Amino acid sequence: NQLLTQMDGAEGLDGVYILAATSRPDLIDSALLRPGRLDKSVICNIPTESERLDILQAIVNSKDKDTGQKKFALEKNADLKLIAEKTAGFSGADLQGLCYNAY
Amino acid sequence: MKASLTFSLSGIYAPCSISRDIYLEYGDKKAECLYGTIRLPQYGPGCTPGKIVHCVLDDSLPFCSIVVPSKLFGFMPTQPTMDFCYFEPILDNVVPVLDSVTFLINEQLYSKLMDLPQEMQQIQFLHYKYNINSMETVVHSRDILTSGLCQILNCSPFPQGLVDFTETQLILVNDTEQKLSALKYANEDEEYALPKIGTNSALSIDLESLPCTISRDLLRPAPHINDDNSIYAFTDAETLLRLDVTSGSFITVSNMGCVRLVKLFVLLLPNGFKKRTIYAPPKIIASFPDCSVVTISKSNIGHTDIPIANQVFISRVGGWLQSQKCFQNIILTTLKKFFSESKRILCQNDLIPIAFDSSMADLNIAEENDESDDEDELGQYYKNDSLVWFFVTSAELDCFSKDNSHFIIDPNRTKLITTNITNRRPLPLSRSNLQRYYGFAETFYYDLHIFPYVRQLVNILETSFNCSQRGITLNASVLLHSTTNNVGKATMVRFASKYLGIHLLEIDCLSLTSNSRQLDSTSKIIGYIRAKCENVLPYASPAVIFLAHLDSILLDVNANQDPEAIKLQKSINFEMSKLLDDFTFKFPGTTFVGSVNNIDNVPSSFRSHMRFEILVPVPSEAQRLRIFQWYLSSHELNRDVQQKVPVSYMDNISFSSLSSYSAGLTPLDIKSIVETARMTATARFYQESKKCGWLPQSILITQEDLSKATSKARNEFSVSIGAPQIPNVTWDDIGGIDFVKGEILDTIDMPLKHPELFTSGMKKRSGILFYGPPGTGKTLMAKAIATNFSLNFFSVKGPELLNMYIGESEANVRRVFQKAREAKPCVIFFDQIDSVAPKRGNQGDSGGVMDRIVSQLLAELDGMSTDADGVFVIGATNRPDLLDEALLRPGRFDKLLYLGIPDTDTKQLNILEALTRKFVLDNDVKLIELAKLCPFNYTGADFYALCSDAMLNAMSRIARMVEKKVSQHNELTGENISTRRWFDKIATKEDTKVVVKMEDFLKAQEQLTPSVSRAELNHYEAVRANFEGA
Ligand SMILES: Nc1ncnc2c1ncn2[C@@H]1O[C@H](COP(=O)(O)OP(=O)(O)OP(=O)(O)O)[C@@H](O)[C@H]1O
Ligand SMILES: Nc1ncnc2c1ncn2[C@@H]1O[C@H](COP(=O)(O)OP(=O)(O)OP(=O)(O)O)[C@@H](O)[C@H]1O
Ligand SMILES: [Mg+2]
Ligand SMILES: [Mg+2]
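Residues numbered from 1 in each chain as written, not as in the entry; some residues may be left out. Chains lettered and ligands numbered in written order. Part of a larger assembly, values for the part shown. Heavy atoms only, no water. Residues with missing side-chain atoms left out of burial classes, pairs and counts.

- This entry lists cryo-EM as its structure determination method and reports a resolution of 4.7 Å.

Below, the structure is given as structure tokens:
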């Protein structure tokens, strides 16, 4: 009841933005979907092979994190970018783990 | 410009005349009907806003001479014609046409004109009867146009301007009440005779003190500067001839004792002061207590009877500022100046007032006099603010005797000699103002009809006086205290002192030269207190001692005491007790009048020996009326300000509106609001001055910004106590609540207003409880209450109360809830009571704190005996079954009002339009179309969501249009640009209203869905069907 109040409908409205995450839409407040509340409910999809392409096209660049030496700066397979489309079933789970295995 | 004045026989509608010479110094052949402007010299604080006048050229008028109609001002040419005025030429004759004018007319001629069905016949009648012609004629807001007949009722918003029926509505009003029989302009009526009006040997008339200052430049005759000074008298009618000796003569008659010669003048023709009177400056009336009917006769004498009195032995009155080292020097120096700068007659048994600015103070000035020429300073800089009386006392007359009234002091043959002091009692204010004559710092005029505590204290002092004038000495004393700060404690004592003609000391304790300092000098401080007091009492008239902030020095025991803390405390109590009681025998009839800020904090001993008690409250609405009536008065604005352009209110101001909207504010806040309004209006004035412009004659206060300033006053209050502010939610920003607004007005408006006829019964409906599904405005109603009514808005946000330690309740809920009793009439808002007050029967483990909160909340809330201080508690809940038996219909919180899903047909429209307030839509897509296109079961705030995301897609449309237009720009000019330069070099104003045409509504209807489904509604509809157990 405190959290359902302080930010909304009083001094406290002013300019604060709020960005949540959940495990479930069940165990969360019925005060969803009000303009005075958390409301937009942005979609996160099931990542396909196309999202595999997207993820590998990100993995291939630790972009400008120490521009003088990229993570995996020196690699084979300059041909066959998207080296791991085979992972299409992985759901993208923590591929930093596979990246550390590769390392 | 200076100009000479003359009054014509008057057509009223007939023009004034412009002289050829002014039509050469400001000659303009394109504008032969030169519209002049004149300032009329008058009695009063300053020259009232000048008149624009329509005029005809005349070559016959002597140099700078000008003529205006007499009866246009209600005066007649039988009365003394004033010979001068001031003139201003209107720049390029620039004048606005009036937006509206209203006229009042007698019912006979009103009906005779309204019998004509063709309005143009009345328009020609304006010409045939009144010779009015458009664009030629200028008209003025309230002027009576013929006695018993036509009058202008208002010009608006301007007081003056041009007229044309092509824009001027010419509103007419019927005098059904015949008040035009009384509202006749004629300031003179012919008397039945001049003989038999008394006898020239003896007239008797009430004297009065002239309500204003007057000065040598306004008078018609030409006295000298060095002699003839200071002393003058003013007369009203053919009375000037009943004395046989005209205006400009001396007379000397007095009701008792010695004669007192004075120069008598006719009043200037433009005078507002009541006739059948003889007016005088305070100087004369000061010698003549009561006896207001004065003996009058010719009493003339052949110039000055005595040319010398070779020494004079003057004496000062006792009184507060007349006995201090820091004033002594300025007192003597101003005395020397005053007596040196002019020659005067003086007499034993007479008083001389002296006035000076106490700001001059600890500035000596080294060289201006005695080693320097006689005329020395422009008092324009060497101002005045405070006033003193010197008694003329003995004088050394020659062989001549008895005719002492002519004693005079040659500056070389004579000297003035101090005799230390004398005792005399000042005038009663009821008969005469000093302050309003000298223009000093004001002392607000109470009236005992409507201020109960004033009636109290005035009666106490009145009896203390008169009982000891009779044989019975009274040791009367009183303490004033208040619950709030800043109520006018000192103002009351001062007012009473003047109203009764009683002397006072004015002392404040805060300015004592030491604190409650640890090393004992309570001796030093109480010694200085008595030693400063005593000095005047050996020659005091009946007087009071007023002590400001006794609470600063009468500290009270126990917080953590040093031994010296005990010694100081007891010493102070003892010495003060002795001092006061001793005074009661040291002098009779001399009254201690204290002031304090926390009556709990005054020590018990003093609290016992004190006599009377008076509690002065925050004022009522009935009192507020008179408060505004004072600080919005002409004199009470004009005093503060240099520029010759005066200020006024518009006569439209609703005193009801101020008095209601200013509820709960203290008098000091009312000053703040009015002076802020004055500022904002002057800022508007100088904004107007940026162009050649219009209305230059005077700024007026107006109802809009005077209303606005209340909001700032309330916020500056709130930042002192109760920091939260609230965003505005005006009444129309909600709708579709008709029954609910009904009951809320039946609870917070009608029982609160009109207690003159509402019985104000011995108990009252305590509050309002809103219950139902979320998103039905039940929060919004509270912000609306906070916006529109004058009520303050304290609140706690749900479980803002509960806190870590055991004993939660005193840590919050007690302090806040009593703070609402401590505040002026104010709501407490609650939300989520179903979280704050669990039903006690659902007992909880782990300390059961819910029982502690609920018990303290009920105890502080309910019963409310002797406690109907407007503490409305109002609030919202989700599901009322979880409320405690706190809800059980004792009327402690139980005004249940439901809110729910609207009626299908048009209340959704009322919702959409209300949320469309200050929204914009500008096509044939009427809101009916939207309200029909939306399907039902969408409800409440979900329609605000529908507008919200429609607006979002509308701004998205505008954003992508901007993206296109900026791309097409960057392709052609400004090849390296992005943002700030772009926006600062575009100048859109057609697009910037960014109105949605349509389509955003349709895709909102596609994208939105009801936020609570019927399967969710059923869970609320169950508790709805409980009807809280019915
Ligand atoms: N009813 C009133 N009419 C005119 N002026 C008022 C009124 N009430 C207050 N004032 C103004 O407010 C001030 C009142 O001063 P006063 O000594 O009475 O009280 P205070 O200084 O506000 O309070 P306290 O002595 O409790 O600290 C003056 O400036 C006075 O002009
Ligand atoms: N006239 C109106 N009628 C109904 N709703 C309105 C009206 N005007 C505005 N609203 C919307 O209703 C909202 C407030 O609804 P309400 O107070 O019932 O719900 P809430 O504050 O989200 O929840 P809760 O009442 O549970 O605290 C406003 O913020 C606004 O979006
Ligand atoms: Mg005060
Ligand atoms: Mg709400």
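Having put the structure on the table, let's press on.
**Considering the sheet that holds strand β12 (residues 171-175) of chain B**
All names here are of chain B.
1) Next: Pairing is mixed in the open sheet, where three strands are placed in the order β10-β8-β12. Every other strand in the sheet has two partners, leaving β10 (151-156) and β12 as the edge strands with one partner each. Strand-to-strand twist in this sheet, taken as the mean axis angle between neighbours without regard to direction, amounts to 20°.
2) Next: Relative to β12, strand β8 (residues 100-106) runs parallel, the two being bridged by five bridges. Residue pairing across strands places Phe103 opposite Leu172, the latter belonging to β12. (Pairing = 2+ DSSP bridges. Helix = DSSP H or I, 4+ residues; strand = E, 2+ residues; numbered from the N terminus. Axes fitted to C-alpha atoms, helices over the stretch in contact; angles between N-to-C directions.)

**Comments concerning empty space enclosed by the protein**
Residue and element names in this part refer to chain B.
1) Next: Of the voids in this model, the largest cavity is the one considered here, and its volume is about 280 Å³.
2) Next: Lining the largest cavity are 20 residues, and of these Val253, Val262, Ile278, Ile284 and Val294 sit closest to its centre.
3) Next: Secondary-structure elements contributing two or more residues to the lining of the largest cavity are β14 (232-235), β17 (278-280) and β18 (293-296).
4) Next: The residue inventory of the lining of the largest cavity, partitioned by class, reads 15 nonpolar, four polar and one charged.
5) Next: Of the voids in this model, the second largest cavity is the one considered here, and its volume is about 150 Å³. (1 Å grid on protein atoms, 1.4 Å probe; cavity = no way out; pocket = protein on both sides within 12 Å on 5 of 7 lines; lining within 4 Å. Points joined across faces, edges and corners; volume = space filled by probe spheres on them. Nonpolar A, V, L, I, M, F, W, Y, C, P; charged D, E, K, R; others polar.)

**Comments concerning the side chain of B:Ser249**
Residue and element names in this part refer to chain B.
1) Next: By the element assignment, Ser249 lies in the loop between α4 (239-242) and β15 (250-251).
2) Next: A distance of 2.6 Å separates a polar atom in the side chain of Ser249 from the backbone oxygen of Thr246.
3) Next: Among all residues touching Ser249, those that are not within four sequence positions of it are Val262, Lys263 and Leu264. (Polar contact = N/O pair within 3.5 Å; in protein donor to acceptor, adjacent residues only side chain to side chain. Contact = heavy atoms within 4.5 Å.)

**Some words on the interface of chain A and chain B**
1) Next: Of the residues lining the interface, 12 residues belong to chain A; the matching set on chain B comes to 16 residues.
2) Next: For the pair chain A and chain B, the two sides together bury roughly 1300 Å², of which 53% comes from carbon and sulfur.
3) Next: On the chain A side of the contact with chain B, A:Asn1, A:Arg34 and A:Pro35 bury the most area, a combined 39% of that side's loss.
4) Next: The interface formed by chain A and chain B includes one salt bridge.
5) Next: Considering only residue class, the side of chain A that touches chain B consists of five nonpolar, five polar and two charged. (Buried area = accessible area lost by both parts, 1.4 Å probe. Salt bridge = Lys/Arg side-chain N within 4 Å of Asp/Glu carboxyl O.)

**Digging into the nonpolar core**
Residues and elements named next belong to chain B.
1) Next: Core analysis: the largest hydrophobic core is formed by 29 residues, its most contacted members being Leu5, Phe7, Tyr43, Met82, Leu210, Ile214 and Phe234.
2) Next: Listing elements by their share of this core, those giving two or more residues are β1 (2-8), β2 (16-19), α1 (22-25), β6 (65-69), β7 (84-89) and β14.
3) Next: With near-sequence residues (within four places) excluded, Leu5 lies in contact with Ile66, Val68, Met82, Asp83, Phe84 and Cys85.
4) Next: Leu479, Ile525, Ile529 and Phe592 belong to the second-largest nonpolar core, a separate cluster that totals 27 residues. (Core = buried A, V, L, I, M, F, W, Y, C linked by side-chain atoms within 4.5 Å. Buried < 20%, exposed > 50% of the residue type's maximum accessible area, 1.4 Å probe, protein only.)

**Brief notes about the environment of B:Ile52**
Residues and elements named next belong to chain B.
1) Next: As for its position among the elements, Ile52 is in strand β4 (residues 51-53).
2) Next: For the pair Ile52 and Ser477, spaced 425 residues apart in sequence, the C-alpha separation works out to 58 Å.
3) Next: Those residues in contact with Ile52 that sit more than four places away from it in its chain are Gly36, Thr37, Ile90, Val95, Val138, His140 and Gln160.

**Notes on the site of ligand 2**
Residue and element names in this part refer to chain B.
1) Next: Neighbouring ligand 2 are the residues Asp733, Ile734, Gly735, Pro774, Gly775, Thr776, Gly777, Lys778, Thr779, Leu780, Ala941 and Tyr944.
2) Next: The separation between an oxygen atom of ligand 2 and a polar side-chain atom of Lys778 is 2.3 Å.
3) Next: Within the backbone of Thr779, a nitrogen or oxygen atom sits 2.6 Å from an oxygen atom of ligand 2.
4) Next: Across the complex, the protein chains shield 78% of the 640 Å² of accessible surface that ligand 2 would expose by itself.
5) Next: Looking at the shell around ligand 2, its residues break down into five nonpolar, five polar and two charged. (Near = heavy atom within 4 Å. Areas by Shrake-Rupley, 256 points an atom, 1.4 Å probe, with all protein chains shown as cover.)

**Considerations on the site of ligand 1**
Residues and elements named next belong to chain B.
1) Next: The full set of residues close to ligand 1 is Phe444, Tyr446, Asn486, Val487, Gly488, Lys489, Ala490, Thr491, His549, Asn597, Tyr631 and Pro667.
2) Next: In this structure, an oxygen atom belonging to ligand 1 sits 2.9 Å away from a main-chain N or O atom of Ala490.
3) Next: One nitrogen or oxygen atom from the side chain of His549 is found 3.0 Å from an oxygen atom belonging to ligand 1.
4) Next: For ligand 1, whose accessible area on its own is 630 Å², the fraction buried by protein is 71%.
5) Next: The biggest single contributor to the shell around ligand 1 is helix α9 (residues 489-500), with three residues.
6) Next: Split into classes, the residues belonging to the shell around ligand 1 amount to six nonpolar, five polar and one charged.

**A word on the pairing of strand β29 (residues 543-548) of chain B**
All names here are of chain B.
1) Next: Counting buried positions over the six residues of β29 gives six, a clear majority of the element.
2) Next: Burial along β29 is two-sided: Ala543, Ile545 and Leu547 and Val544, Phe546 and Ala548, pointing in opposite directions, are all buried.
3) Next: Both strand β28 (residues 503-508) and β29 contribute to a ladder of six bridges, which runs parallel. Counted as the bridge partner of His503 is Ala543 from β29.
4) Next: Bridging between β29 and strand β30 (residues 591-595) involves three bridges; their strand directions are parallel. Paired with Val544 across the bridge in β30 is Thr591.
5) Next: In this fold, the crossover linking β29 to β30 by way of helix α11 (residues 563-586) has right-handed handedness. (Right-handed = clockwise from strand over helix to strand, strands pointing away.)

**A short note on a nonpolar patch on the surface**
1) Next: Taken together, the side chains of A:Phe72, A:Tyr100 and A:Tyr103 define a hydrophobic patch exposed on the protein surface, amounting to about 430 Å² of accessible area.
2) Next: A residue is classified by how much of its surface remains accessible, and A:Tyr103, at 72% relative accessible area, is exposed. (Patch = residues over 30% accessible without salt bridge, like charges linked within 9 Å, V, L, I, M, F, W, Y side chains within 5 Å.)

**Digging into the sheet that holds strand β22 (residues 351-356) of chain B**
Strands pair in a sheet through their backbones, by hydrogen bonds, and they do so in one of two ways: parallel or antiparallel.
All names here are of chain B.
1) Next: Spatial strand order, β20-β23-β22: three strands in an open sheet with antiparallel pairing. At either margin of the open sheet sits one strand with a lone partner, and together these are β20 (315-316) and β22.
2) Next: Relative to strand β23 (residues 386-391), β20 is paired through two bridges, and the arrangement is antiparallel. Bridge pairing links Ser315 to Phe391 in β23.

**Some words on unusual backbone geometry**
Residue and element names in this part refer to chain B.
1) Next: A cis amide bond, omega -5°, links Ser156 with the succeeding residue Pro157.
2) Next: Tracing the backbone through its elements, the reader meets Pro157 in the loop between β10 and β11 (160-162).
3) Next: Although it is not a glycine, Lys402 adopts a positive phi angle of roughly 65°.

**Structural notes on the packing of aromatic side chains**
All names here are of chain B.
1) Next: Using the criterion set out here, one finds 25 aromatic pairs over all chains in the structure.
2) Next: Members of the aromatic cluster, connected to one another through ring pairs, are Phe444, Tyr445, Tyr446, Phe451, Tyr453, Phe495, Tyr499 and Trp630.
3) Next: The ring centre of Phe250 lies 4.1 Å from the NZ or CZ of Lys263, which sits over that ring.
4) Next: Geometry around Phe338 places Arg344 over its ring, the cationic atom sitting 4.2 Å from the centre. (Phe/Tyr/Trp six-rings, centres within 6.5 Å; stacked < 30°, edge-to-face > 60°. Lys NZ or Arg CZ within 6 Å of the ring centre and 35° of its normal.)

**A short note on helix α3 (residues 119-130) of chain B**
Each α-helix turn comprises 3.6 residues. Residues three or four places apart therefore point the same way.
1) Next: The end-to-end C-alpha separation of α3(B) is 16 Å, in line with the 16 Å expected for 12 residues at 1.5 Å each.
2) Next: Where α3(B) ends, the next residue or the one after it, B:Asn131, has phi of about 55°, a positive value. (Expected span 1.5 Å × (residues − 1).)

**Regarding helix α28 (residues 1000-1007) of chain B**
All names here are of chain B.
1) Next: Listed in full, the buried residues belonging to α28 are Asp1000, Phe1001, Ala1004 and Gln1005. Along the axis of α28, the buried residues cluster in a sector spanning 140°; they form a single face. Turned more than 90 degrees from where α28 packs its buried face, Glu1006 and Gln1007 sit exposed.
2) Next: If you follow the buried residues of α28, they end up packed against α25 (927-933) and α26 (941-970). (Arc of directions from axis to C-beta.)

**Re the pairing of β18(B)**
Residue and element names in this part refer to chain B.
1) Next: Only one face of β18 is covered, namely the face carrying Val294 and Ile296; the face carrying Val293 and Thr295 is uncovered.
2) Next: Pairing of strand β13 (residues 203-209) with β18, which is carried by four bridges, proceeds in the antiparallel orientation. Residue pairing for β18: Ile205 is matched across the bridge by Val294.

**Details of the packing of helix α21 (residues 813-822) of chain B against helix α23 (residues 849-861) of chain B**
Residues and elements named next belong to chain B.
1) Next: Close contact between α21 and α23 brings their axes to 10 Å; oriented N to C, the two are set at 15°. Relative to α23, α21 is oriented roughly parallel. Crossing angle aside, the handedness with which α21 passes α23 is right-handed. Every residue of α23 that contacts α21 at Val813, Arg814, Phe817 and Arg821 is listed here: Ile853, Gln856, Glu860 and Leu861. (Parallel < 35°, antiparallel > 145°, perpendicular 65-115°, else oblique. Left-handed = near helix turned anticlockwise from the far one by under 90°.)

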